[PDB]
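Laid out below as structure tokens are two forms of one and the same protein chain, each shown alone and named structure 1 and structure 2.
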Structure 1
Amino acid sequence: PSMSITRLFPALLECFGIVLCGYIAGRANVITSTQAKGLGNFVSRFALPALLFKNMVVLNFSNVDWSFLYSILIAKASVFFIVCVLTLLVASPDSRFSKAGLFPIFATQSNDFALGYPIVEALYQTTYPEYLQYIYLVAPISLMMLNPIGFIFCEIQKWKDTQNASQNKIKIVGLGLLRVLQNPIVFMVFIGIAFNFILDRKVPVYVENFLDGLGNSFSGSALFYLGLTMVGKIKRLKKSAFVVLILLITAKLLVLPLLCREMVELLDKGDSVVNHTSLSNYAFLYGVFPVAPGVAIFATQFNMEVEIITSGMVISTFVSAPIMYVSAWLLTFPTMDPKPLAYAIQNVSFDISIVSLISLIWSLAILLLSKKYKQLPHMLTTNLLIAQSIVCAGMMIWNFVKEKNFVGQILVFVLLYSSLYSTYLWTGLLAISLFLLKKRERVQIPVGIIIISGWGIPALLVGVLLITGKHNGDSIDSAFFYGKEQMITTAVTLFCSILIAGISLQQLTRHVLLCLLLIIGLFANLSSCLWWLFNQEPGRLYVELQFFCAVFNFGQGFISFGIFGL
């Protein structure tokens, strides 16, 4: 029904493929600054102002509800106040104000022009078109209110750095207001409002085509420039920097969306509860948008804490996408029939599987071209990577052959679950290898025996499950292919693997990092299995468990890519 979600994934792929192409183009010393600077000038001075002006001429203020605006603005203000007061309380008075001048802006100003707008357009085109007009009401008005406080704090920092007592508060406030008014967004929004008042909701044809041509390329050009502006800005930092960065990113992506949603339910008191639900979903989706590079521009202008802000913007840009996907899907689950839940879990499984598959072949190609697998413990890691690649490929093939052929279906199921159980064991097997390496014992490692074990017990388990189990082909999900017996064998496999990892627990640090991260997902799957078997009656909690289990099962390659990929 409402909230057509199938269009979200292609939009995310488009929006990140453009950024990736821009990044790699600059990376390979192909594009130089000259045209890149020209591209940035075109985006900032011509394309974005044209888009704002054309979308601001046609607004139809007479039927625009302001409850959403109040909710979003006050929630942003609440996060702003919380972060600002915490920064004032915590930061050392040496340069505390500087922090308070930029840090709370990081959690409030988003990239809702270049990134968020395509996403909401894909999500809300044929369902709620009017939501699209809210972005241009939310992004500038916030810049009206919250950011001038940041500028005046930065100016206080600059003044105390200069130690010039002659300057009064009037000068500082004036400089801050001059800085905030100088931005193109402010005065172009004002000009748009003035022209909307003047022309009585009419667009000149002589310039309408010019405005459309200038504004249509803005999204892509801005995405390409953003990709170009991330080539060499991420650098190693200290532990305190890492901690404060994690807190900032969690404030942006975890606190603000929840406050926005809750205040949306609080303020709004209209009927037709479906529209209230849609507004809440839209507010939460708007909360999770990334951080715009405008804050990085401000920091560079002020020449203070530039590297922290830049690195945070870069990292949050990438972190936004998976959170966006999982958030959209999990909010969409409650208003769905169980069979659509099965189809949805198949869709998310296929999507994560293809992306993780690309990551996995990239990592495997790097590893094989390294020729570093011939010594311990890299060959076992290669085996695990191959098992993950095969499970992803089997997931895609199973998605295609869910109701295509019979013998093909059983062979695909056998291959997929043999690879799945192979990864389940190979976690604990790597744990054993690491533990025996910890012993520092000059004893030969049965490499042939250990590999044949790791690749032979899972196949034997699947085979005995097939022999003893009963075929049940009416279940969409692959877990319920055979029934209780498959759940029992998966549960005992998980329990054995977790026991092995717990008893057990040269780049050993990365290996132990992987041999710690995989096991949280191991407990997740085990808990889901025992939840299903013990709780025969369905409670209102296993849906998120199923979604998380599917995510881990088919995207576990991302952990290996992150650790053993650079």
Structure 2
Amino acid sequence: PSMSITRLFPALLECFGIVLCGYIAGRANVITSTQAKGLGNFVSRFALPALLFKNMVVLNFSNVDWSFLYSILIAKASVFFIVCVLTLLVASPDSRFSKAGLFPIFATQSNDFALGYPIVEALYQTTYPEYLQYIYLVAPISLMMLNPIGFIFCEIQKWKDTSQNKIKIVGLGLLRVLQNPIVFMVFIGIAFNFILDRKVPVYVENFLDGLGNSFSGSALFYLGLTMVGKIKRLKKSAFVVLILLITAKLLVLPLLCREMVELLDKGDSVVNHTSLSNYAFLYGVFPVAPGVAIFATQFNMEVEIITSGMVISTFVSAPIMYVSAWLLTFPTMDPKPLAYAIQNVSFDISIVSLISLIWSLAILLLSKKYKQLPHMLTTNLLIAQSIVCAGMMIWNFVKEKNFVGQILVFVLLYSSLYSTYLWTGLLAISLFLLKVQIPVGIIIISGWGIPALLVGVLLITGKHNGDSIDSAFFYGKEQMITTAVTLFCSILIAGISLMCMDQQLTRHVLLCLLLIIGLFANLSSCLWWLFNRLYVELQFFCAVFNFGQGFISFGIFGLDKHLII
């Protein structure tokens, strides 16, 4: 296979684990915001310039697929042009030059070095070691091309706030690009590539190793530290804009990077073209660089949107990277190894979800929020999600073991999974009712007795498919019916409730909206399989939601500020 896709989850755990470390450290005041600057200045002024310089010196320019680069740079210029033009059309005249400066940079500047590189190394170091080169090519050339334009727009905003001297405006944009270590150490590294015939001098090599190898962990930790307190409650428009920009960064850009490789890489080998198109997609899924938030702070422009969006982009990239890489690998796999891949995916996701759930439960418990409404109902949801994650980790082994194990593990897994769907409905209707002593005892048995009864209907009616690798087909058609019926109910309850619409109702709405979308995908898998490789893709998205929805619960209620005892 072109991607060593099994190596990705370890690498994402490196990436987002060290981010989580930096985040916890900042949230705990292990490292204060002023202390974080020493890590940041180490990272940006020493560890990164050394990493760039070494990799630029080593780089074999006569063995670079320039068409891949052109493809990514054209995709970024396309996304930049779109977001810029739409901002100039859509935004208010008082701020459209700051927005059309920074929003296009947000949509195109990737976290290439801290997050992209360890992931690309994990995926490709053993199969396409040349793919690692293009991170050190794309990211700087991307800045050199696109950031002076965005900085010109911010300088126009600065002039408008004070466009008379055009060449001063252009020069201040270009100068702010030249003053970026990413740009000047790439110029210097290219020079020394040609001065040294690509050989790092042996005396300097280990110094550059020590600094460069300290970049990754140090930058990921600093990223975590700079994520602390940055999500601030945005107006509806600022939130819609942020969703659109993260979509530009994490959906529009990877789709164009893929398409541009397919237009402009005229190379012969289908496997190399495939893997390169896949790599282009993955390159697009990298989050927004923290540098963009730095530019926003330096210009004092769009700061909340850019900082929030960078943080959220980072969080959201983790599942999208994982999901995309597997989805891109699936058409190469044979049908059975694809089932095994989906159970692997499910196990991996079960672990992050389980841990994020155990944390979120501990917060809801120790904060005593679990006694308040709708937080009690939210706790029931997360218990169900936790049981789903444990049940999936158990199924990963019990899929080889006897029926007496499988039936129990399935009953666990699908009672609790159906419960997660039902609780999405029950939560949403409670938000309507709170927006009236809601009938908590009835709502609780509705979220727990009813799914146990529905699984009972499977033990009563269903055909036991113990040969199946995927528990989603363990009771066959009857399971798909039972699952669909559960989802049909919970989506109608949830949607009609949101239509009918501290207590945190807006965050519970956000939780329900995202969980609804996961229910809706699952409904689609059930109804698509009932009525009829796009199905197996959708089945994987269902697995991803089913075992990873605890991570959504964590992303909204795990990261709450309340603490106790």
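In this text, rigid core is short for the largest set of C-alphas that superpose within 1.5 Å between two forms. Structure 1 provides the reference sequence; residues are numbered from 1 along it.
In a rigid-core overlay of the protein, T427 has its C-alpha displaced by at least 2 Å between structures 1 and 2.
Superposition on the rigid core between structures 1 and 2 places the CA atom of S453 2 Å or more away from its counterpart. Annotation: rigid-body hinge motion between structures 1 and 2, rotation of the minor part against the major part equal to 14 degrees. Summarising the core-aligned comparison between structures 1 and 2, the C-alpha atom of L376 is found to shift 8.1 Å. Fit the two forms on the rigid core and the C-alpha of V391 turns out 3.4 Å off between structures 1 and 2. Core superposition gives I315 a CA displacement of 0.5 Å between structures 1 and 2.
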